[PDB]
Each structure stands twice: as structure tokens, then as C-alpha cells.
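Going by the UniProt record's numbering, the sequence shown opens with residue 2, and the numbers climb by one from there. So the structure is just underneath, and the comments pick up after that.
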Amino acid sequence: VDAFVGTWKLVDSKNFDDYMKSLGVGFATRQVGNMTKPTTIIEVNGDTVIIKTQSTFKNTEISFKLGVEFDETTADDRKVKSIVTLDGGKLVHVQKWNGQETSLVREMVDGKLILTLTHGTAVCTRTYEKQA
Numbered sequence: 002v003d004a005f006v007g008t009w010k011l012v013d014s015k016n017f018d019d020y021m022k023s024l025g026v027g028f029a030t031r032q033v034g035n036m037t038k039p040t041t042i043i044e045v046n047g048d049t050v051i052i053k054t055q056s057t058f059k060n061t062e063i064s065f066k067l068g069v070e071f072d073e074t075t076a077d078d079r080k081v082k083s084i085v086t087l088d089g090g091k092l093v094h095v096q097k098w099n100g101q102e103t104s105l106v107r108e109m110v111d112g113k114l115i116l117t118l119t120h121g122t123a124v125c126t127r128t129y130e131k132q133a
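Quick look at the structure:
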């Protein structure tokens, strides 16, 4: 947990396009929404954490409890049952809807929070760099 705490800046990412051009989390919108996520606030809370997708066009935020599943709708997932936990030092967000699921596994080693976004077909590396 002792990493996530703070405000991050997106640095490296690719393949959002493909991934949405299949998942249906844009199929168009993500052609800009691929890039347009410069900041992400990650406020750890007591037993919990809240993500704040601070960007220009489109913002989202949701609270999640490491060790629970919650049914919730981010604009860029739709309604999905997110199960979150922390294995070793890896924040595994598995994201279970129905016909498929996806995985949003987060870790910081070195100085970058690497988020591996993996679905039933398609992958994206999404990397975040602590700005504050």
C-alpha cells in the first residue's frame, strides 16, 4: 500500500485504442481518451483507497476496499463488479461483469506505478509516475 499514496502523472502507455476497439470502452472516444488522462490522484484511506481520474475532458472517481468486490460504473468501463486485493506487493483489481472480465493489476517498482490492463484479448501497459 505504501506507494499508491499520492498524486501520479501518466508517463508511458500504448494499445488503449485496440483494447477499446473490442472492449467497447470507446471504439472512437478512446482515440483521444488514450492520451487525455495526464493526472491520477490515489488517496489511500484507512483500510481503503479512492482513485481520482483528474483530466481535462472527462473525469471519474471511485472508492475501493482492498479485499472486497463492489458493483460500480466508471464511464470508461460501464457497470462492472470490481474485486480488488493486494498479493505480495501487487494491487490486483480483477473486474468481473458477465460475458468476460478484465484485470487492472497495479504495482510500483523503481519510480513508476505500472498498471497492466489485460482482457480476454488485448493488453495495455499504463504507467504512472508520482508527481506529488
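C-beta: ideal position from N, C-alpha, C; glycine also.
Asked, Found
"Do the region 16-23 and the region 112-128 make contact, defined as three or more Cβ pairs closer than 8 Å?", "yes"
"Suppose you measure from the CA of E62 to the CA of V110; what does that come to, to the nearest Å?", "24 Å"
"Which partner residues does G7 have in the DSSP bridge list?", "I43"
"Identify whether residue 1 lies in helix, strand or coil by the three-state DSSP scheme.", "Since the displayed the chain opens at 2 and closes at 133, residue 1 lies outside it and no answer follows."
"As a quick exercise: from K131, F5, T119, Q132, pick the residue whose alpha carbon is nearest that of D19.", "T119"
"Taking only three categories from DSSP, how would you classify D13?", "strand"
"Who are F28's beta bridge partners in DSSP?", "For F28, which the question treats as bridged, DSSP gives no partner whatsoever."
"Pull up the DSSP beta-bridge partners for residue 210, would you.", "Residue 210 falls outside the range modelled here, since the chain spans only 2 to 133, and no answer is possible."
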